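Each of the two blocks below gives one form of the same protein chain as structure tokens; they are labelled structure 1 and structure 2.
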Structure 1
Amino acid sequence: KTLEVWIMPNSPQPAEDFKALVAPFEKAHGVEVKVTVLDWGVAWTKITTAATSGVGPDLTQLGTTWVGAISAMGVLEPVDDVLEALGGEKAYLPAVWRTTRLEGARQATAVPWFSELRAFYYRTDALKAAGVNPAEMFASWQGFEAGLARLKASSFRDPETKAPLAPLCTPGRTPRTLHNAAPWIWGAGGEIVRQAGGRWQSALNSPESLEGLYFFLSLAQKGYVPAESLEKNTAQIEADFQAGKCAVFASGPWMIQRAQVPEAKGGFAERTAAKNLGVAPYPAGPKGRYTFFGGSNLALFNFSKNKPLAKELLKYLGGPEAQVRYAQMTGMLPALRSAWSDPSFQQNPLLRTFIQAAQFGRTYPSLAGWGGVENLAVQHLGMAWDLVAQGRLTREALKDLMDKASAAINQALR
């Protein structure tokens, strides 16, 4: 008679934080909530195994980009009633509302839980020593490359590591997602997929998509990303920025919360980076400013034996008080627009920078096939990183890889 909820690791002690969050719900409803944490690397497989077997929790977290795929399997309970109780369409950013459903579907299948978007963390101390004005460096693509050139030339050394800092750390290992690449594709005027003629097709091989992708990967090729970074994944690069190896690195808003937590508690409060932390939005590309905007939603399996209490929990987790409290514990942003006004978010100057970048937030379409698109894109992007690791990424070779990515994506989408 326990409600069961599956979550990902959204906070340093993620189960304890989730239990603290729901204790008022448990007391008001006379029920216990049992939480299971799934690592982000394995969550998709465990959630899809529950969807196919009918054995699983009442509720699951879903990354926003997963909602279409899980909804298309016909295993999610409608939640238009819950979203109505929370304020309906009006209560959310369009970028958040669009993740409540499979695109074109009638009925919502997911409740917004938290939002996140990407921006650049930078070392305030390293840019000052390099003579870089952050407002110029993060204005434009030309600004960004000029600032990296100045950071490469800098004699600055981290006070702890006593060594120079990489201008930019970005991972070169085959990525799990396009989160890092997408702003450069978009800033150039391109897109991952495009809807035309009542079908979706790859646009990764568009002149504009190839422009942004080449710009981004050539920064590594030009000496602004150290060879060692190419051999790392996102978690390893995050550790490198925290350990004082990187002047600039792109991530979500949670690293602000982690900068106030001791290392022994899973943050980096003691590190120089934590004490010299800036944030700047992605620079304007040729065709405008964009960043990846995502987050997580909650879904109810239609095979749950506790749908009535599970919907009350969704209403609780989706509502103002729990919205504020969980974003405070995780370092994410509320999903619910009203909750953004809390002074805990507005008066935090680093998080305010994320708040202002949300105007340029861009999302993926909520497609049934999205996983398969992203998986083919990332496997080809990996091959392009391997060329960067040889100094052999040319425009010709990047186009050849993206034409192959585009053939396989169009096959999958058909």
Structure 2
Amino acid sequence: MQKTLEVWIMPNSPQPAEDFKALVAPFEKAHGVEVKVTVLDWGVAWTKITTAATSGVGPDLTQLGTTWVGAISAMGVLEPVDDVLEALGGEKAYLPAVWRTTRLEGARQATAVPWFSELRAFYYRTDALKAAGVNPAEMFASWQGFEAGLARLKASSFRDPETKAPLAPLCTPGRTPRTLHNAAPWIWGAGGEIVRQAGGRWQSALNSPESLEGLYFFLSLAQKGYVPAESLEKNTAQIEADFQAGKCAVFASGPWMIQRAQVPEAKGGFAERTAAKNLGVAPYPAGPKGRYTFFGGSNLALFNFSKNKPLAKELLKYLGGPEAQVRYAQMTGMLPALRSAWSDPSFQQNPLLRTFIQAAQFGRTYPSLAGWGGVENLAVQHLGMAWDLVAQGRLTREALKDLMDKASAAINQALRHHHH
């Protein structure tokens, strides 16, 4: 009689359950085990997983957003996995920013295994930058280059072959709960932070001089006319669609866009579109105090009430290990969490994927705080209010500061009060 494992996942791929079943079929056959998968929508998964955690009833393994690992770990419900991580190559096998997501900030033991990475780089229309007299090497080297290329792109008379209309220099989604991830590399590039440690404790640094320098740099590009009004009312998926449809010279996204450029519109790609035929990518530019690439993605964790910790740890080793890492990265359009998988020919043979790997070298993530959730909700609320000012062309440095002082007061309250 087959042994049993349960895994909870979020919709990471086109057929989430079927794809995950294909991924683990070799493990099932090797260990005489059936892996039962349950797919949770990203919006409900957190509450289902905290109910599972507190009730002691749920799967053996659960997917976690990297930003979730601290909160769940602090609940005391996760089995240590330093053994699994040592088996996969240890701390050297991971980008530093990925290794940071294996534990609660400052915790003694690892409680999550890196599964896949989300990271962001600039896609750009090679035809638009040429028509504008912009060298992508200079546009994506520095903030000065970045703004100077957007200026030339706003001036350009170039029209998309299919829309027969000019392109927005830059598109960025003004309407999303994931707005912080888009701001983070500007905050970081200026020497800033969203939170930082002081007086025995974590606090907001959103109102620091450097954070405010980076936020204003980024948000002010929109008030300078480089971002259309229309973008700031749109979500991440709408902005991707705008870039495929020739509306945007430049936008930030993950590696998944490359695969979409290879497949026809009917298959949910955009290979027929001008943008697919004129596609470049660049890492985020260096800011005044450094160059940072936002990283997110998902990790896997083992509940301490699992009835088969050794077999589940074999599944964590399989899913975290070289073959599964390359296959699931293909299925999801993500970057492997395991550094060694970046050397796979399926990344090295595509120059656009090679660029994502160059951008990966600058990877940076949020501190893995037990209270990150509340921090991010408060930051997102106030960032939303800053974009409103940008839409009316009313974002001053002073008005930005007043918004971030307000966010900082609420974040510091949240951090002080984080339960248990």
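C-alpha atoms forming the largest set that superposes within 1.5 Å between two forms make up the rigid core. Residues are numbered by position in structure 1's sequence, first residue being 1.
With the two forms fitted on their core, the C-alpha shifts between the two structures stay under 2 Å for all of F144, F301, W186, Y214 except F301. Core-superposed comparison between the two structures: the C-alpha position of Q61 differs by no less than 2 Å. With the core held fixed, the Cα of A15 is displaced between the two structures by 2 Å or more. Relative to the superposed core, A203 undergoes a C-alpha shift smaller than 2 Å between the two structures. Core superposition places the C-alpha of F268 1.2 Å apart between the two structures.
Superposing the rigid core and comparing between the two structures gives a CA shift of 4.5 Å at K46. On a core-based overlay, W97 has a Cα shift of 2.2 Å between the two structures.
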